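Descriptive structure summary
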Amino acid sequence: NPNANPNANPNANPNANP
Amino acid sequence: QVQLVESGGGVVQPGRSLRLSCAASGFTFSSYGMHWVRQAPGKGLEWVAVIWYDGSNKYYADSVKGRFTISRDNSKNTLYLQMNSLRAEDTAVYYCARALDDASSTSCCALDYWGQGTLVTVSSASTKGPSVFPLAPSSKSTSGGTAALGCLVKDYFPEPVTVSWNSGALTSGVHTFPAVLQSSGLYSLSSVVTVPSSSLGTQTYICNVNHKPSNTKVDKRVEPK
Amino acid sequence: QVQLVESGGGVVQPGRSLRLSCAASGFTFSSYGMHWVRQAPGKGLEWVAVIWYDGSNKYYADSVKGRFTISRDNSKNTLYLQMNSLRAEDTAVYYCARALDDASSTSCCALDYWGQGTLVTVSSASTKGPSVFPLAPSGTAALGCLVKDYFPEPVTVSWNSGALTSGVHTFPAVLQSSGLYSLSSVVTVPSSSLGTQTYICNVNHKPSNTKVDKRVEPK
Amino acid sequence: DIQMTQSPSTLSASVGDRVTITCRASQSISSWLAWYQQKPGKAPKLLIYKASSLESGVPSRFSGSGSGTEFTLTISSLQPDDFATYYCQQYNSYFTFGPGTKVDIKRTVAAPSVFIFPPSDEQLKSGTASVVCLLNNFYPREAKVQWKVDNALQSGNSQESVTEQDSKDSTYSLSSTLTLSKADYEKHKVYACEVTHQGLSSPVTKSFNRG
Amino acid sequence: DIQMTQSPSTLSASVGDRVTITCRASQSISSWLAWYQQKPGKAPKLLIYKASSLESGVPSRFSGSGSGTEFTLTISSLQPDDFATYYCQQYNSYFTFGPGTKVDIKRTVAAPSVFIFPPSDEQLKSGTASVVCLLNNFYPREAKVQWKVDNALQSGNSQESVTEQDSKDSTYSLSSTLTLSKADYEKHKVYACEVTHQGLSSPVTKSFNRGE
């Protein structure tokens, strides 16, 4: 996905599962 | 069930180093991102750092960037916080916390399980035992009235001190105040108790002050004036 | 303040290579995705490529795939665009641009900071002075000078050594099919002045040492 | 950074009350807002996540609402174990917490009982002098203490401490300690503690003469 | 790809006007739409993102709205530094820009003065023939120029250049240059430039016959 977030995201999912 | 047991906090001077640990059990530690959050005395909560489940990505608060390092050992089910170049402003209770798993969410995190906390005190002050002084009650007659007495626990470092009355036998009417940090870096507190004035002539009142870091153990009899 | 300083643009022949650079300051460069966007002379904006903050994922526009490569060196806070097999259609001002951090959005990107741009001119032409032809006038009359077939930019045009400024329109240069530039400069004057006032266009093309004063006479 | 504010800072309620507290974000945080409960000496406890989702194990009397910048936490019927401090936290951009709302136990107004303690002879032998004033078992928490030395107001030489709300009678106590050098203490005669509180129609002054 | 279009191409406005410009997408882009400002020789500047969110530091007189395939940029009270060109850009599927809408300064309608210049004898010696048509001092920007060579409409055979509003000019001037080989120029007789512009009641044609 070229429109995915290309920045560092501290609020992204940090767990192994969704 | 879910358990987060912390250790590693202590009292140090600015510039020294400290390493905190968070031992997890009751869940699959390796599947969860983990956070450190701190709380300075009498203050609110401040996020410190986050680490991915696999240890890959890490993020820090601006106030600790370049000084603190978050890490984890999944085989030991342990989370770490390496704190270098400590400052007085880093004085706080530090909590480890688990990232909440919310499959439908596209942002993170809430923190659904927290450790008990470990206390980090950073100060240029050096260990010092308190001076314990009587707060003597008035022996004036008040008919069926109330008198107040206590002990002043003056100029010690570090926290904590424990205060009891009559070796723990006296509990009713006791108020031990939170310590106040003075500009010198030392603490003082007082512990008071209200008693019937009619008891002052006969019942001996004694405050027991213990300050383990300075090997202080004092029993001070508080006689009416 | 956030700054994006570009360099590396220039004149190259079709089929040559050119490397653009975008040096960042005033923000944490290694945590931001970056874009290249280009703008052909007189045209609109066209997205070129994007690279992730850690340099992992890269995406390109179809018109540059296989020829352009985007990269970054986060230790130097510099973004790069390697342009190979350049075509005349690649002629454009190239901008670098930082990806906007909109925490709530699930699609990307808007571009919240842009570099000053660097000009890439892909041309087979070589340095050549212009020819200066009169645009003769036939009450208001129009006259001018056609400054044709030069390279590269720029040329300057004045009239009567600066004594004539009113009503002068010096048009921006157009790139011709041959790869050479051409422009005209015109002026409107009273018809009654054509028989008494001389009109000379002063043309200077410094890259070729071409300095010409052309008198424009009625025909 | 996204700043989180909370209102009110403190609230006095009774068991059974409907309690609603507010939380605000300086920018939009969508629904990425969590609420926590914390009691003195204990770790925080998650109550609400995603602005309105009740965390498993949390009683059904807790609810939350809002999306964007304005958020509320509601306790439909306040229970005895609900007296604590409540924090909100956004997780849209990094992680920031609100200042917290403390829910105290409502009770009737109680005036402070005031006591004053001269410095002990033991402390005077050591070279310092601390005078202690005690405001005991009062409500509400707001109280003011003024030290007077031969009728002269004091500043910069005293410190105050306040207890948590008492378990048995829901009152507060407060200590104020005036600290002078022995030499300065010997320079003055009358030492007074003047107290004002909602439960006092007039200020109360307790004093003693040195010696 | 998703094709972005804008209307109008040039919008005439005065300081204080409420100005709206429209952006269209060839298919739905939800709300993933941005607006940029650009001035001559300068880099684009982000105004609006996610269709309606104002970029920090941008004046509050700018606002955006719309969703799906129709979007609008609104300037509530146009200010002098708002005379510029504005681009929309979608980021629902890759990244594509609209053609841009220029906001210029409104003044009274001015019909162009049209002039045609035959190739000079000097250029004919060089082997090429440039016929120049001049549209001088007109407003608004919109103008149609048609070239005819012995009644044959020329398509793709000429190039235009324009001088813009500036500190000394309230109007536009435009040149259209028809370049031919000398051999082709000598093959034909009637060279005509036909100009359409809202200041003229009818299109104006300026022509010459080769050889005076």
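Residues numbered from 1 in each chain as written, not as in the entry; some residues may be left out. Chains lettered and ligands numbered in written order. Heavy atoms only, no water. Residues with missing side-chain atoms left out of burial classes, pairs and counts.

X-ray crystallography is the method the PDB entry states for this structure, with the resolution given as 2.000 Å.

Structural notes on the interface of chain E and chain C
For clarity, the threshold we go by: It only takes one pair of heavy atoms within 4.5 Å for two residues to be counted as in contact. Here the buried area means the combined drop in accessible surface, using a 1.4 Å probe, for two parts upon being joined, counting both sides. The working definition used for a salt bridge is a side-chain nitrogen of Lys or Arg within 4 Å of a carboxyl oxygen of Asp or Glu. The helix and strand labels rest on DSSP assignments: H or I over at least four residues marks a helix, E over at least two residues marks a strand, and numbering proceeds from the N terminus. Here the nonpolar group is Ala, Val, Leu, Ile, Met, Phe, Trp, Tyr, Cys and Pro; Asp, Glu, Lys and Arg are the charged ones; every other residue, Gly included, is treated as polar.
Counting residues at the interface gives 40 residues for chain E, matched by 45 residues for chain C. It is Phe95, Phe97 and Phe117 of chain E in chain E that bury the most area against chain C; as a group they hold 18% of the surface buried on that side. The tally of links from chain E across to chain C stands at two salt bridges. Where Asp102 of chain C meets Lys50 of chain E, a salt bridge forms, and the shortest distance between an N and an O atom there is 3.1 Å. Elements with a contribution of two residues or more to the side of chain E that touches chain C: β4 (33-38), β5 (45-49), β9 (84-90), β12 (113-117), α1 (121-126), β13 (128-138), β16 (158-163) and β17 (172-181) of chain E. With six residues, β13 of chain E is the single largest residue contributor to the side of chain E that touches chain C. Residue composition of the side of chain E that touches chain C, grouped by class: 18 nonpolar, 16 polar and six charged.

With respect to the state of the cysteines
Here, disulfide denotes a covalent bond that connects the sulfur atoms of two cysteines. The cut-off we apply is this: Pairs of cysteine sulfur atoms within 2.5 Å are what we label disulfides. Throughout this description, buried means an accessible area under 20% of the type-specific maximum (1.4 Å probe, protein chains only), exposed means over 50%, and partly exposed covers the range between.
Tallied over the full model, the rule gives ten disulfides over all chains. Between the sulfur atoms of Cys108 of chain C and its disulfide partner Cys109 of chain C the distance amounts to 2.0 Å. Looking along the S-S bond of the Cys108 of chain C-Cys109 of chain C disulfide, the torsion reads about 95°, which is the right-handed sense. Across the pair, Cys109 of chain C and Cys108 of chain C agree in class, each one buried. One disulfide bridge connects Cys133 of chain E with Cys193 of chain E, the sulfur atoms lying 2.0 Å from each other. Its S-S torsion of approximately -85° makes the covalent link between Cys133 of chain E and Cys193 of chain E left-handed. One end of the pair, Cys133 of chain E, is in strand β13; the other, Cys193 of chain E, is in strand β18 (residues 190-196), with 60 residues separating them in the sequence. Taking the relative accessible area as the measure of exposure, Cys133 of chain E reaches 0% and is therefore buried. Each bonded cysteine in chain E gets a number by its place in the sequence, and the pairs come out as 1-2, 3-4.

Let's talk about the nonpolar core
The criterion, for reference: By convention a nonpolar core is built from buried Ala, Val, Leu, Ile, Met, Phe, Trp, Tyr and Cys residues, the set being connected through side-chain atoms within 4.5 Å.
Among the nonpolar cores identified, the biggest contains 78 residues, and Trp114 of chain B together with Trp36, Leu79, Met83, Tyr94 and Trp114 of chain C are the most heavily contacted of them. Discounting chain neighbours no more than four positions away, the residues touching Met83 of chain C are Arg16, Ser17, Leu18, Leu20, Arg67, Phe68, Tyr94 and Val120 of chain C.

Brief notes about the interface of chain D and chain B
The following threshold applies: The term polar contact refers here to a pair of N or O atoms within 3.5 Å; inside protein, the definition further demands a hydrogen-donor-capable atom paired with an acceptor-capable atom, and it admits residues adjacent in sequence only when both atoms are side-chain atoms.
Taken residue by residue, the interface counts 40 residues in chain D and 47 residues in chain B. Looking at the side of chain D facing chain B, the largest losses of area belong to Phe95, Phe97 and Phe117 of chain D, adding up to 18% of the total buried there. On the surface where chain D and chain B come into contact, there are two salt bridges. With a closest N to O distance of 2.8 Å, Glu122 of chain D and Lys220 of chain B form a salt bridge. Our count for the contact surface shared by chain D and chain B stands at 15 residue pairs in polar contact. Contributing elements (two or more residues each) for the side of chain D that touches chain B: β4 (33-38), β5 (45-49), β9 (85-90), β12 (113-117), α1 (121-126), β13 (128-138), β16 (158-162) and β17 (172-181) of chain D.

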